[PDB]
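> Here come the first chain(s), positioned as in the complex:
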Amino acid sequence: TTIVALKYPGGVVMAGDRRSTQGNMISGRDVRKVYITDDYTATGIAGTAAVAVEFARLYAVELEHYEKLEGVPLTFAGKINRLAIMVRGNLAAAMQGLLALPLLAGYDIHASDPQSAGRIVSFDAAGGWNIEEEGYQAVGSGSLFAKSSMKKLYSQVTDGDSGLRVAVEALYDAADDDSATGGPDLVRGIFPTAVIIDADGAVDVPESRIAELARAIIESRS
Amino acid sequence: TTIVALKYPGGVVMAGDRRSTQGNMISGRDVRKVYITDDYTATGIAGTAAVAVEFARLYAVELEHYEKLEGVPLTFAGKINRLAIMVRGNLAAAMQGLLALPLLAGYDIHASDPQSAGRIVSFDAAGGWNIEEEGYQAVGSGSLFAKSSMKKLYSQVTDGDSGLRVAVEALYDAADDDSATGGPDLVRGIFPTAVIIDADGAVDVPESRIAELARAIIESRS
């Protein structure tokens, strides 16, 4: 797997590949790893599939639960803390092979500067969290290739569309070097998934635009 | 890795993919896994790369050594036996992680019926060898996918071209279901390799013909 998240002026973007493996064997081609966990938050998990899906579902439920009980959504800090506590809860099973690392991306409606209200948070198997203050981050077996690619491409990010394009390119490179990360499949028409978040909330990026960006990248490297 | 071999009327064809992994990481994209070990025999190996290459080189040198010392090539049974012995000798190292299994294709100039003078021989880690009588065979992490593909496609083989087609398509299904087997790279222009052997000997199938076949398959499945 590879999940990528990067900040652009006024919002944030997260993308994920579609591949699922059992050792060397390909067990899935269209798995959706990026979830809209609330109006201003998207979560993307890598690792054991059962644990990842459970993480996304339970997490979303917990946030909305607090929102309905208290009539107000948690602060972003509280969201980070809840996610980390959940990851720490699974540490023993993670030692037994059921490991799942999430990557958090959101838009903080209470931050001071609305242009820099975008947020990207990494986690580790111990439940330690770190807010990324350098614009992008990745997680999964291709996360280093995606981070080194974004390190070079990030200067092209000036708005939503350029940020989305750099995210899809970083997923392209991750898949280029990591056999556990699926690239674009032109035969079947399956492309990475994406969520973008700004002042109006978190929305699913349409498949078509991601496909145009992918084909452009492909034709550019030929 | 996936290596395939199949018999067509009056000849045999062997083809292999180009991928090399270190776990999940792609360590090579243009590897050659099918070596012409002599004028009438080709060998394709799956497993530890350092071991497979040594297998091919040493095997070729042994067959030619016998030829030059005794003025005549080994009978096909002799070639089989020497390869089996070489594999058996590597069993200890193979248990300690350095495993490599070969597949042998050949054209027996001493067969009665030149129509079925093709030969396909498969091997196991303990030196066991079996002459395949059902037409085709495969070795490597994708070999089950490729064999089950050739089970459905083999009835279409009536000559070298259809055999090459079924071979490339079998490698395609392999890459499709196994991340350790590489599919055709249309961006970089890299395709599987193929050796074809008939009465005029063993010869390397040129890249452009395999590329044509691969593009046909890709266009058909869209």
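Sure, I can see it. Residues are numbered from 1 along each chain as shown, chains lettered A, B, ... in the order given.

> Show me the helices in chain A, by range?
A:49-70, A:76-89, A:91-95, A:143-153, A:160-177, A:207-220 (DSSP state H).

> As CSV, could you dump the C-alpha coordinates of the first one?
Output for helix A:49-70, consisting of C-alpha atoms alone and laid out as CSV, is shown next (Å, rounded to 0.1, in the frame of the first residue of the first chain):
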residue,chain,number,x,y,z
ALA,A,49,-6.9,-5.1,5.6
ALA,A,50,-9.3,-6.2,8.4
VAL,A,51,-7.6,-3.9,10.9
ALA,A,52,-7.5,-1.0,8.5
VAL,A,53,-11.2,-1.2,7.6
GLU,A,54,-12.2,-1.6,11.2
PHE,A,55,-10.0,1.4,12.1
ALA,A,56,-11.7,3.7,9.5
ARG,A,57,-15.3,2.5,10.4
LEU,A,58,-14.9,2.7,14.2
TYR,A,59,-13.0,6.0,14.0
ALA,A,60,-15.6,7.7,11.9
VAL,A,61,-18.3,6.4,14.3
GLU,A,62,-16.4,7.7,17.3
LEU,A,63,-16.0,11.2,16.0
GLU,A,64,-19.7,11.5,15.0
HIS,A,65,-20.6,9.9,18.4
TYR,A,66,-18.9,12.7,20.3
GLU,A,67,-20.5,15.3,18.0
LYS,A,68,-24.0,14.0,18.7
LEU,A,69,-23.6,13.5,22.4
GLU,A,70,-22.1,17.0,23.0
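
> residues of it that come out buried?
A:49, A:51, A:52, A:53, A:54, A:55, A:56, A:59, A:60, A:62, A:63 (16 or more other Cβ atoms under 10 Å in any protein chain shown). Any C-beta I mention is one placed from the backbone N, CA and C, and that applies to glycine too.

> what pairs with the nearest residue to the fourth one once chain neighbours are set aside across the strands?
Right, the one you point to is residue A:53. Nearest non-adjacent residue to residue A:53, counting by Cβ to Cβ, 6 or more residues apart in numbering or on different chains: residue A:45, 7.9 Å away. When assigned by DSSP bridges, residue A:45 has beta-bridge partners residue A:102.

> next up, chain C:
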Amino acid sequence: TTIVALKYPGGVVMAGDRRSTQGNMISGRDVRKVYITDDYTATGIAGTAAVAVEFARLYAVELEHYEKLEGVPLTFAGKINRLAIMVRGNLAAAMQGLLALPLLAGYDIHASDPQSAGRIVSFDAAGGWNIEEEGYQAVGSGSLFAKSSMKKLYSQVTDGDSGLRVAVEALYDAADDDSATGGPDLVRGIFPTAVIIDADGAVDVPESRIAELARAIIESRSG
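That brings us to chain C, laid onto the chains above:
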């Protein structure tokens, strides 16, 4: 074992072999591995016989339990989640050898398009689930053979007859390459079991129809 399931226009079909082994020894020849778990869903399980039987029985009981307590049947998603939870619960035992993997085929009466209301769902030992969007799937020791077979035959599936044919042939290829999957036994008259599900519910396939299909496949492979 091999269980296969596949979608066809307006329905789903699932079939399973009849073999039971203790290592190399054959301990059963007529096992029923595919169960009608409710009016619109079948479950086929591969693994330790005892755990597979218990799974099917407890699962059917659970769905009907909810239905009677609440007056309405669970959504298909609910059914998935429930089977996955039950598999997750058995993980510790699975680590010690009491392993069972199910496969779920069903018709969703609440789907928008009635012709694509078929559903195929696969699971792993950790309770992960995936809704299969390529129309066919399989589980058990023969599942790779059966899947690579259906990968070539699936273009022939245009109705329930064709889908049943493809499914029986996939079980045949599985039995052909995997010794823990039993092929048709013409001497004893024992053939794989199968269920078909569509808008009118889920029905067992009479043994004689599977017999006809098995004889067709055999004679085809013969000449």
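
> ok chain C is loaded, check the nearest residue to residue A:53 again?
Closest to residue A:53 by Cβ to Cβ, 6+ apart is residue C:128, at 6.8 Å.

> need the contact list for the one you found.
The neighbours of residue C:128, taking Cβ atoms under 8 Å, 6 or more residues apart in numbering or on different chains as the test, are A:48, A:49, A:50, A:53, C:84.

> now with 10 Å?
A:20, A:27-28, A:31, A:48-54, A:98, C:84, C:87-88, C:122 (Cβ atoms under 10 Å, 6 or more residues apart in numbering or on different chains).

> Just want the residue of chain A that's nearest chain C.
Using Cβ to the nearest Cβ, the closest approach of chain A to chain C is made by residue A:50 at 3.6 Å.

> re the thing from before, and the contacts of residue C:128, which is closest to chain B?
Nearest to chain B among the contacts of residue C:128, counting by Cβ to the nearest Cβ, is residue A:27 at 9.3 Å.

> following sequence is chain D, place it on the structure:
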Amino acid sequence: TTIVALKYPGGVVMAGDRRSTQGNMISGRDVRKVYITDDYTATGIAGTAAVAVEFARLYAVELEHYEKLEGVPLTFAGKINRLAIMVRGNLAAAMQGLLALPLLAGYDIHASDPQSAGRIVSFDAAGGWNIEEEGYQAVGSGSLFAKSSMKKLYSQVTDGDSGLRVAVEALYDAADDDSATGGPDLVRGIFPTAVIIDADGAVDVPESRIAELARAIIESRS
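Same chains as before, plus chain D:
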């Protein structure tokens, strides 16, 4: 450690960092890890220092040895083979923690096309060897970062000088993300070492040029 090597029109360049560690403790600041192993080849090793130095010294002795015994140097293929044999010979010790991997950069005086006479060969612990066709390569605890950096920077290589700059930058990104690879030390004035090889032979790149390049990179990233 990180060792990089890339091809440019008419030659090859190799560069390595200067860091030696004992776990977390920095035990070395000016280690030379890239050696001119003969008039047309340089080797750079990562891993256990004792083994690395042993490899460089002994390998050089073996090449020159053959040359004096036989009046002519080994073919590049022979050099590759000898280095792979050495590495395989160290495999048991490597299994016991005495691991060391070489990277080979050469210029083949017997190549047909003088522009594409550059050679880069990577190795694994089993003695497997692979000639790199895609232009660059690296080895060591930072090789992944350096390779992903060169993936984006390689299109700037048009002569020896731009290739050297790209190499030094790749080492810079390695040091950036990998604590076992040392960056430029402006306080002590210690910089990566580099060897450059073309038709006129292999020569050490003078430290001053690497200092200039490193400072250009540093200023650029400020």
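
> please look at the contacts of residue C:128 again, because chain D has been put in.
By Cβ under 10 Å, 6+ apart, the contact set of residue C:128 is A:20, A:27-28, A:31, A:48-54, A:98, C:84, C:87-88, C:122.

> what are the phi and psi angles of it?
Dihedral pair for residue C:128: phi -60, psi 150, per degrees, to the nearest 10.

> where's it relative to chain D, distance?
29 Å (Cβ to the nearest Cβ, to the nearest Å).
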